[PDB]
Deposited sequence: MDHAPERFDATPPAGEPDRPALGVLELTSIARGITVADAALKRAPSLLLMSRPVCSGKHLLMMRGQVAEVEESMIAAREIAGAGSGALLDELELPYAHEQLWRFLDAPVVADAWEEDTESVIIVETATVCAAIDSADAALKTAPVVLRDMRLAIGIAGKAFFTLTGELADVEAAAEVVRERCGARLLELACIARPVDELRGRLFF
């Protein structure tokens, strides 16, 4: 519903995505409350996830998310501070939307890169940048769950395309990048399905 790439019938365009990654679930709930009271952003999730972090996502118009996130950071940073990472994308890539809610493993798809990040925000941030840089396709993604708060995703395409994407991923992730693997020609046995 709220994760649609383009609006459902009758809804205004809400292209912007805000993501907050918090060390405290209790803090996360209060951060969400502050965000939604400040501006009429749409809450997409408010979730404890593995490692014991709390994941908040919201969408809205650019100005709405900007405003909600300002309120979110103030609360998130209160006291000892609980903000591990954050992301604001004014215009999140259409491919990205269907991967936010739950882990996705591809059945079928080409070269591939596998990107492994220290935070959920780094994965979403770098994937968005990658998808906008080269005509690559997001195939797999796992945000936090079952991998102790890490994240990873895969992108496929022509070899040069995924190499171009890989450069942008490195730049966008910075030190949040844990590992990036490129396989120009996966064995037949791995092609299409990398996780099974």
Note to self, deposited ranges with zero CA coordinates are 1 to 5, 115 to 118
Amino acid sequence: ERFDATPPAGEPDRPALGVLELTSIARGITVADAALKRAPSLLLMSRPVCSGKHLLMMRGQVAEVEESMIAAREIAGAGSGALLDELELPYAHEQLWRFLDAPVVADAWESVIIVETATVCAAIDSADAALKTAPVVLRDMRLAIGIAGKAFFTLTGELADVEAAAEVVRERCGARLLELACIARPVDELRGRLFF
From here on, numbers count along this sequence of modelled residues.
What stretch has the higher average Cα B-factor here, 8 to 16 or 173 to 181?
8 to 16
Can you let me know which of the two, 76 to 84 or 113 to 121, has the higher average C-alpha B-factor in the entry?
76 to 84
Specify which of 148, 45, 137, 63 carries the largest Cα B factor in the deposited PDB entry.
45
In terms of CA temperature factor as recorded, identify the highest of 59, 132, 38, 54.
38
Divide the modelled residues of the chain into thirds by Cα B-factor and specify which third, lowest, middle or highest, holds residue 168.
middle
Quick tally, chain-level thirds of C-alpha B-factors: residue 69 sits in the lowest
Split the chain's modelled residues into thirds by Cα B-factor; is residue 26 in the lowest, middle or highest one?
lowest
Chain third (lowest, middle, highest) by recorded CA B-factor, residue given as residue 50:
highest
